[PDB]
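First up is the structure itself, then whatever we jot down about it.
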RNA sequence: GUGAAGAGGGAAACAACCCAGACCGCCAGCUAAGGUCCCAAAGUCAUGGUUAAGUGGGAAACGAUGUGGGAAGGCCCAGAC
RNA sequence: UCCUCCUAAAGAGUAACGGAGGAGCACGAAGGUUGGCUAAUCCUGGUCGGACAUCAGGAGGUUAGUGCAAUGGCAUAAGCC
RNA sequence: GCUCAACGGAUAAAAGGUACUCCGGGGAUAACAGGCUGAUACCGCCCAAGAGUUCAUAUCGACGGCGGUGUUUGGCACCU
RNA sequence: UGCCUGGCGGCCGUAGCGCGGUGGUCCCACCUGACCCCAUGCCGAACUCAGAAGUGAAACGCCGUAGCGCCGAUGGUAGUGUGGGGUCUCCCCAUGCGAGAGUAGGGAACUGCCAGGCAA
Ligand SMILES: [Mg+2]
Ligand SMILES: [Mg+2]
Ligand SMILES: [Mg+2]
Ligand SMILES: [Mg+2]
Ligand SMILES: [Mg+2]
Ligand SMILES: [Mg+2]
Ligand SMILES: [Mg+2]
Ligand SMILES: [Mg+2]
Ligand SMILES: [Mg+2]
Ligand SMILES: [Mg+2]
Ligand SMILES: [Mg+2]
Ligand SMILES: [Mg+2]
Ligand SMILES: [Mg+2]
Ligand SMILES: [Mg+2]
Ligand SMILES: [Mg+2]
Ligand SMILES: [Mg+2]
Ligand SMILES: [Mg+2]
Ligand SMILES: [Mg+2]
Ligand SMILES: [Mg+2]
Ligand SMILES: [Mg+2]
Ligand SMILES: [Mg+2]
Ligand SMILES: [Mg+2]
Ligand SMILES: [Mg+2]
Ligand SMILES: [Mg+2]
Ligand SMILES: [Mg+2]
Ligand SMILES: [Mg+2]
Ligand SMILES: [Mg+2]
Ligand SMILES: [Mg+2]
Ligand SMILES: [Mg+2]
Ligand SMILES: [Mg+2]
Ligand SMILES: [Mg+2]
Ligand SMILES: [Mg+2]
Ligand SMILES: [Mg+2]
Ligand SMILES: [Mg+2]
Ligand SMILES: [Mg+2]
Ligand SMILES: [Mg+2]
Ligand SMILES: [Mg+2]
Ligand SMILES: [Mg+2]
Ligand SMILES: [Mg+2]
Ligand SMILES: [Mg+2]
Ligand SMILES: [Mg+2]
Ligand SMILES: [Mg+2]
Ligand SMILES: [Mg+2]
Ligand SMILES: [Mg+2]
Ligand SMILES: [Mg+2]
Ligand SMILES: [Mg+2]
Ligand SMILES: [Mg+2]
Ligand SMILES: [Mg+2]
Ligand SMILES: [Mg+2]
Ligand SMILES: [Mg+2]
Ligand SMILES: [Mg+2]
Ligand SMILES: [Mg+2]
Ligand SMILES: [Mg+2]
Ligand SMILES: [Mg+2]
Ligand SMILES: [Mg+2]
Ligand SMILES: [Mg+2]
Ligand SMILES: [Mg+2]
Ligand SMILES: [Mg+2]
Ligand SMILES: [Mg+2]
Ligand SMILES: [Mg+2]
Ligand SMILES: [Mg+2]
Ligand SMILES: [Mg+2]
Ligand SMILES: [Mg+2]
Ligand SMILES: [Mg+2]
Ligand SMILES: [Mg+2]
Ligand SMILES: [Mg+2]
Ligand SMILES: [Mg+2]
Ligand SMILES: [Mg+2]
Ligand SMILES: [Mg+2]
Ligand SMILES: [Mg+2]
Ligand SMILES: [Mg+2]
Ligand SMILES: [Mg+2]
Ligand SMILES: [Mg+2]
Ligand SMILES: [Mg+2]
Ligand SMILES: [Mg+2]
Ligand SMILES: [Mg+2]
Ligand SMILES: [Mg+2]
Ligand SMILES: [Mg+2]
Ligand SMILES: [Mg+2]
Ligand SMILES: [Mg+2]
Ligand SMILES: [Mg+2]
Ligand SMILES: [Mg+2]
Ligand SMILES: [Mg+2]
Ligand SMILES: [Mg+2]
Ligand SMILES: [Mg+2]
Ligand SMILES: [Mg+2]
Ligand SMILES: [Mg+2]
Ligand SMILES: [Mg+2]
Ligand SMILES: [Mg+2]
Ligand SMILES: [Mg+2]
Ligand SMILES: [Mg+2]
Ligand SMILES: [Mg+2]
Ligand SMILES: [Mg+2]
Ligand SMILES: [Mg+2]
Ligand SMILES: [Mg+2]
Ligand SMILES: [Mg+2]
Ligand SMILES: [Mg+2]
Ligand SMILES: [Mg+2]
Ligand SMILES: [Mg+2]
Ligand SMILES: [Mg+2]
Ligand SMILES: [Mg+2]
Ligand SMILES: [Mg+2]
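And the structure:
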């Protein structure tokens with residue numbers, strides 16, 4: 002199984018980040034689509050969420066699952082997050098190597114105004 | 003409502019706890035009819051040293 | 010005899026018990042390995058010594074997948 | 002295979018031993034949606050009853066307060082070395 | 001003579017033989033020799049009581065030994081002062097509480113069983129009694 | 001816990017066991033442990049049983065138609081033991 | 001002299017010429033951190049090659065490992081890279 | 001810069017003999033005897049594989065078991 | 001309102017295994033490919049990127065099932081604090097506490113925020 006190997010690969014970051022009590026930006030990648038959601042320091046309730054599965058963002062792009070789409074999500078989430086009042090957050094890469102789409106999402110989230 | 007407690011046995015070869023309990027009830031010597039307010043505590047104190055006290 | 014040796018005892022155990030108000034820095038448990046784990050506002054030193062990181066009342070919890078004992082503090 | 006039996010009122014270590022030192026012993030009836038029923042009964046009868054192999058198989062009707070309850074002997078506690086019963090679990 | 005084949009520890013604390021036994025029901029065989037008294041059975045006593053049974057019932061029948069020593073008893077030599085170590089392990093004993101089935105027997109008559117267990121009972125220090133396998 | 005560092009009453013006598021903590025006096029009364037036929041203060045007390053061994057008033061494996069209770073299990077009027 | 005376990009009577013502590021074992025170091029990577037990984041032992045097939053070297057899959061799941069005793073601990077891995 | 005490892009380290013630096021002995025002490029501590037104990041010793045008894053031509057119990061009694069004594073070897077160190 | 005997915009928790013075996021199923025329009029998965037980003041102590045297996053032909057096989061999710069695990073009374077037993085007592089290596093009595101194992105039975109979890117698709 003792959004999933005389970007990705008969960009335990011993530012867990013250290015998650016458990017460390019819930020201990021500090023920080024608002025984390027979870028980013029689930031998928032072969033088709035990329036997701037993102039800013040979750041409260043308690044961990045249960047979500048404040049902001051956006052993805053390429055949302056038609057509002059899906060209708061604009063060429064294909065939902067690439068660096069240019071991940072930037073469009075990474076911008077979108079950080080556009081909402083500032084309207085809600087969020088600014089200082091952390092970035093939970095969630096067992097995905099900080100390299101392609103997730104880096105494109107992170108850089109877009111930085112460029113959009115979200116402080117981390 | 004009060005309860006008349008009486009010490010009916012010596013407190014010589016006794017445990018420090020039981021020696022204390024009598025000091026907490028206010029019993030000094032054998033044949034000392036001390037009356038106390040009836041609460042769940044005092045009944046507990048009496049229950050601790052029931053072997054050496056008598057209730058009226 | 011063949012043996013007759015022993016080590017000096019280490020004074021390990023729960024120092025501050027559940028409910029007890031502790032100060033920031035106070036040691037809660039000296040132990041060898043993580044019998045108890047660090048929860049909220051509790052640290053864990055090189056010696057696996059759990060200590061308070063904030064002024065509050067010590068709380069012993071039993072949570073997690075493997076059913077482990079955690080020590081948290083709540084002000 | 003019919004035994005008269007009283008309902009228990011005291012129950013614990015102190016009561017049970019006092020009871021067993023009076024030619025009786027504690028048993029219990031349970032089964033179905035109804036509540037369990039603690040049952041004091043005579044020793045010398047039930048000692049003679051268990052010699053027969055039917056006792057640990059067939060249905061027994063225990064008489065309690067007039068009412069006859071149908072049961073089977075599920076489990077039983079022998080006294081360690083002396084030939085005598087301590088306790089019987091009657092399933093309904 | 002029964003003995004553990006290798007152990008973790010050579011010498012063991014004296015302990016306190018208390019409470020009631022657990023091997024109380026007659027499990028394997030039809031008949032059994034239950035220990036009424038309390039005490040301890042040496043390896044020698046068990047073998048001596050086994051030989052006395054086995055010889056009484058002849059080649060026929062089947063016998064179990066529910067007890068096993070697994071407790072080493074030390075003893076200090078003669079003309080030796082106290083201390084200067086724990087003594088040396090001399091014999092092996094099984095602690096027997098009341099209720100313990102010691103021996104079990106099967107494939108013989110009730111008449112010839114009881115007489116076989118008497119001869120064993122005469123070799124043992126503990127007061128014993130006959131017990132039959134009751135169905136539940 | 002007691003003695004040590006605690007006298008007094010009991011356990012024959014008996015630091016440590018049971019009862020109980022002596023400030024002094026009285027030719028007063030109630031009790032504790034333990035006792036009540038005589039030595040020696042108080043029941044030859046009352047009721048219902050057991051014990052025949054002087055058990056009580058040292059001791060085991062094992063031995064035995066001792067002797068009391070019980071709860072069962074083998075036979076009768078075709079009359080068993 | 002120091003460490004580990006039991007004795008030690010479910011906080012700590014606790015003796016004996018009581019019961020068992022270790023230490024008088026090691027390491028510029030065996031530290032730091034970041035990013036990864038998962039073990040034993042079998043089963044079946046396969047050149048030399050056989051019980052066992054290396055490979056493949058399946059079974060088991062921490063019986064493994066932890067620089068060295070024992071203890072407590074570690075998959076978020078303190079394990080191996 | 002110290003196996004000051006007798007590891008809170010008396011000196012930088014230290015082994016023996018005394019039946020030729022002596023002083024101060026101790027029944028805080030041994031040797032004799034007493035005491036407590038009874039593993040051992042001694043003396044009984046229980047079971048009875050067997051021996052006794054047959055036959056366990058005339059006489060012996062293996063394997064084991066339970067006591068007594070305070071006679072041995074001891075243990076303890078309570079008196080001196 | 002409900003039915004289906006994903007994400008992130010709460011709760012950690014009544015929640016886990018096995019077995020029997022069934023699901024692809026989105027969701028998820030394998031699957032396609034290998035200039036580019038990056039990757040292999042060899043290997044686009046993994047990690048990674050560009051895609052959307054293929055299928056729900058495996059995986060994953062959901063429904064069914066006691067195969068086991070797991071939970072689990074009442075009663076009794078063991079143990080034990082305190083005061084007594086005995087035939088004192090061990091017990092017993094008054095009173096307080098009271099298991100473990102087993103037994104009847106229960107049992108193929110339960111939720112919260114959020115996002116999408118479909119019947120509305
Ligand atoms: Mg007293
Ligand atoms: Mg006075
Ligand atoms: Mg020291
Ligand atoms: Mg230690
Ligand atoms: Mg110590
Ligand atoms: Mg630290
Ligand atoms: Mg009760
Ligand atoms: Mg209850
Ligand atoms: Mg009791
Ligand atoms: Mg039913
Ligand atoms: Mg013990
Ligand atoms: Mg046991
Ligand atoms: Mg068992
Ligand atoms: Mg000599
Ligand atoms: Mg020596
Ligand atoms: Mg003095
Ligand atoms: Mg006195
Ligand atoms: Mg006196
Ligand atoms: Mg006397
Ligand atoms: Mg007298
Ligand atoms: Mg006198
Ligand atoms: Mg006198
Ligand atoms: Mg004396
Ligand atoms: Mg008295
Ligand atoms: Mg006084
Ligand atoms: Mg005075
Ligand atoms: Mg006065
Ligand atoms: Mg008077
Ligand atoms: Mg009067
Ligand atoms: Mg009297
Ligand atoms: Mg007198
Ligand atoms: Mg008189
Ligand atoms: Mg008279
Ligand atoms: Mg006499
Ligand atoms: Mg007899
Ligand atoms: Mg009759
Ligand atoms: Mg030192
Ligand atoms: Mg301990
Ligand atoms: Mg302790
Ligand atoms: Mg303790
Ligand atoms: Mg020591
Ligand atoms: Mg050494
Ligand atoms: Mg390294
Ligand atoms: Mg290296
Ligand atoms: Mg290391
Ligand atoms: Mg890491
Ligand atoms: Mg990097
Ligand atoms: Mg290991
Ligand atoms: Mg270890
Ligand atoms: Mg453990
Ligand atoms: Mg490391
Ligand atoms: Mg020194
Ligand atoms: Mg030296
Ligand atoms: Mg020192
Ligand atoms: Mg020193
Ligand atoms: Mg020198
Ligand atoms: Mg000389
Ligand atoms: Mg001279
Ligand atoms: Mg002199
Ligand atoms: Mg002198
Ligand atoms: Mg001395
Ligand atoms: Mg001599
Ligand atoms: Mg002399
Ligand atoms: Mg002498
Ligand atoms: Mg004597
Ligand atoms: Mg003797
Ligand atoms: Mg004689
Ligand atoms: Mg004889
Ligand atoms: Mg004889
Ligand atoms: Mg012959
Ligand atoms: Mg003597
Ligand atoms: Mg003599
Ligand atoms: Mg004697
Ligand atoms: Mg002597
Ligand atoms: Mg002396
Ligand atoms: Mg002494
Ligand atoms: Mg003199
Ligand atoms: Mg559970
Ligand atoms: Mg299937
Ligand atoms: Mg399918
Ligand atoms: Mg498709
Ligand atoms: Mg591929
Ligand atoms: Mg691929
Ligand atoms: Mg298709
Ligand atoms: Mg379901
Ligand atoms: Mg069903
Ligand atoms: Mg089950
Ligand atoms: Mg539970
Ligand atoms: Mg259970
Ligand atoms: Mg429970
Ligand atoms: Mg209960
Ligand atoms: Mg008591
Ligand atoms: Mg008395
Ligand atoms: Mg008597
Ligand atoms: Mg309870
Ligand atoms: Mg239970
Ligand atoms: Mg059991
Ligand atoms: Mg259970
Ligand atoms: Mg059921
Ligand atoms: Mg059901
Ligand atoms: Mg289930
Ligand atoms: Mg069902």
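Protein chains in written order, with the UniProt record's numbering: chain Y, 2 to 117; chain X, 3 to 58; chain E, 10 to 84; chain S, 2 to 93; chain A, 1 to 136. Here a beta-carbon is modelled for each residue, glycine too, at the ideal position from N, C-alpha and C.
Rounded separation between residue i and residue j - CA only
| i | j | result |
| --- | --- | --- |
| residue 71 (chain A) | residue 104 (chain A) | 22 Å |
| residue 54 (chain Y) | residue 102 (chain Y) | 15 Å |
| residue 29 (chain X) | residue 21 (chain E) | 42 Å |
| residue 66 (chain A) | residue 21 (chain A) | 12 Å |
| residue 24 (chain X) | residue 42 (chain X) | 16 Å |
| residue 78 (chain Y) | residue 104 (chain Y) | 14 Å |
| residue 21 (chain X) | residue 55 (chain X) | 12 Å |
| residue 119 (chain A) | residue 56 (chain A) | 8 Å |
| residue 68 (chain Y) | residue 43 (chain E) | 43 Å |
| residue 78 (chain A) | residue 87 (chain A) | 11 Å |
| residue 69 (chain E) | residue 50 (chain E) | 12 Å |
| residue 33 (chain E) | residue 47 (chain E) | 14 Å |
Interface partners of residue i on chain S, CB under 7 Å
| i | result |
| --- | --- |
| residue 56 (chain A) | Simply none; closest approach about 23 Å. |
Beta-carbon spacing of residue i, residue j below 8 Å
| i | j | result |
| --- | --- | --- |
| residue 64 (chain S) | residue 4 (chain S) | yes |
| residue 28 (chain Y) | residue 91 (chain Y) | no |
| residue 92 (chain A) | residue 3 (chain A) | yes |
| residue 14 (chain X) | residue 48 (chain X) | no |
| residue 62 (chain S) | residue 55 (chain S) | no |
| residue 73 (chain A) | residue 90 (chain A) | yes |
| residue 79 (chain S) | residue 129 (chain A) | no |
| residue 37 (chain E) | residue 55 (chain E) | no |
| residue 11 (chain X) | residue 44 (chain X) | no |
| residue 35 (chain A) | residue 100 (chain A) | yes |
Partners in chain A for residue i, counting only beta-carbon separations shorter than 7 Å
| i | result |
| --- | --- |
| residue 113 (chain S) | It is not possible to answer for residue 113 (chain S), since the shown part of chain S is limited to 2 through 93. |
Proximal chain A residues relative to residue i, where beta-carbon distance stays under 9 Å
| i | result |
| --- | --- |
| residue 31 (chain S) | Those within 9 Å of residue 31 (chain S) in chain A number zero; the least Cβ separation is about 17 Å. |
Listed by chain order, chain A residues near residue i by CB distance under 8 Å
| i | result |
| --- | --- |
| residue 54 (chain S) | 135 |
Option nearest residue i by Cα separation, candidates the options
| i | options | result |
| --- | --- | --- |
| residue 121 (chain A) | A:84, A:52, A:94 | A:52 |
| residue 29 (chain E) | E:64, E:74, E:78 | E:64 |
| residue 62 (chain A) | A:81, A:28, A:75 | A:28 |
| residue 86 (chain S) | S:33, S:58, S:53, S:27 | S:27 |
Chain-ordered chain S contacts of residue i [CB-CB under 8 Å]
| i | result |
| --- | --- |
| residue 129 (chain A) | 82 |
Amino acids of chain S, ordered along the chain, whose beta-carbon sits closer than 9 Å to that of residue i
| i | result |
| --- | --- |
| residue 34 (chain A) | 81, 82 |
Distance between beta carbons of residue j and residue i, contact taken as under 8 Å
| i | j | result |
| --- | --- | --- |
| residue 109 (chain Y) | residue 76 (chain Y) | 5 Å |
| residue 46 (chain S) | residue 60 (chain S) | Rounded, the Cβ-Cβ distance is 17 Å, inconsistent with contact. |
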